[PDB]
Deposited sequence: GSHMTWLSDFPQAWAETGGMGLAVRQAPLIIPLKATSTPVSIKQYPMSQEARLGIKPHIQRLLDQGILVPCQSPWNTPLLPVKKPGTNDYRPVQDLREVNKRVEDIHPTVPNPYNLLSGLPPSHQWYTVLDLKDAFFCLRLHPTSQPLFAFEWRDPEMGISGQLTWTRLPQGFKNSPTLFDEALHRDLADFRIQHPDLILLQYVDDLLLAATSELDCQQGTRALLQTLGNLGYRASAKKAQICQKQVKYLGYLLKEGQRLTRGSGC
């Protein structure tokens, strides 16, 4: 089965991802920026108990680590944690937006290629490491009142809510799949951040290309959702479109 042929490629069986070929990312600040430390809004016990298992899981995975940082942004007190990084975003140097819009991306699908595989990468941003010099930027406060820990944590991977994460991830995955494209010139591969479409001229080619793509992704350290995958279909849902008979 697809599940058992590629255990490393699926999030269900391969463990947390880590893009081993990608250098830890340095996040350049704007020329005038200095750290901003926003105090954590008090949060209800109900919210804290809701957030706690997520924090503990991320700590266990090494995705969060303790720190002391002159930067601090709040977690939203109203469960899964959402960090308000707007004041960090304002201080980080802008980058060119290179992710194509879905309409343009799909124009690259020609009618000759009507067998599709759609993969969704799980926890994609967390596969990319942050350089230790950039980790303090994203710190937040975590207090466990009935344990006694009140200090800061920060991210060791590219965080949710950071304005450049989609673009940096898309560019990293493009670097990591550049050789795959070269080895499979008969295949169309569309990338939209963590959403991938592979297109082939036949069922057989789609099957062989999907095997190759899963092998490559797993080896590089990315993880696809086995439960959401649409494998070797003549009709798929991709980026809000239903792709069917070359339409849409």
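Problem set entry | Where the deposited sequence has no C-alpha coordinates (positions from 1, in order) | Seq positions lacking coordinates: 1 to 4, 83 to 89, 260 to 266.
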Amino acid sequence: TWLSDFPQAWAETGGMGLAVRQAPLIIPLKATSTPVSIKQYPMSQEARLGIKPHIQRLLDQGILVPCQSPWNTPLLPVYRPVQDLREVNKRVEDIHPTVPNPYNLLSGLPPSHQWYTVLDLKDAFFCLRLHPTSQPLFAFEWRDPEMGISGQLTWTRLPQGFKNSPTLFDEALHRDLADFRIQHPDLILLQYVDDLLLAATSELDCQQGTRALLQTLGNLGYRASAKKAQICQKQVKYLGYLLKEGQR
From here on, numbers count along this sequence of modelled residues.
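Definition used throughout: the rigid core is the maximal C-alpha set that superposes within 1.5 Å between two forms.
For this session: Could you say which moves further from this form in 6 other deposited structures of this protein, stretch 128 to 136 or stretch 69 to 77, by root mean square CA distance after aligning on the core?
Result: When 128 to 136 and 69 to 77 are compared in 6 other deposited structures of this protein, 69 to 77 lies farther out.
Problem set entry | residue 148 dropped from a third or more of the other entries of this protein | Residue status for residue 148: gap in at least one third of the other entries.
For this session: Check the entry's C-alpha temperature factors for 28 to 36 and 184 to 192, then say which stretch has the higher mean.
Result: Per the deposited B-factors, the answer is 184 to 192.
For this session: Averaging the C-alpha B factors as listed in the entry, name the stretch that ends up higher: 48 to 56 or 196 to 204.
Result: Higher of the two, by average CA B-factor, is 196 to 204.
Exercise. Between 94, 144, 171, 141, which one tops the list for C-alpha B-factor in the PDB entry?
Worked result: Out of 94, 144, 171, 141, the record gives the largest C-alpha B-factor to 144.
For this session: Would you please rank residue 209 by its C-alpha temperature factor against the other modelled residues of its chain and give the third it falls in: lowest, middle or highest?
Result: According to the entry, residue 209 has a C-alpha B-factor in the chain's highest third.
Exercise. Should residue 42 be placed in the lowest, middle or highest third of its chain by the C-alpha B factor in the entry?
Worked result: Highest third.
Problem set entry | residue 82 - Cα temperature factor, lowest/middle/highest third of chain | Middle third - that is where residue 82 ends up once the chain's C-alpha B-factors are sorted.
Exercise. Looking at the C-alpha B-factor of residue 132, is it in the lowest, middle or highest third of its chain?
Worked result: For residue 132, whose C-alpha B-factor we compare with every modelled residue in the chain, the answer is the lowest third.
For this session: Classify residue 102 as lowest, middle or highest third according to the C-alpha B-factor given in the PDB entry, relative to its own chain.
Result: CA B-factor rank for residue 102: middle third.
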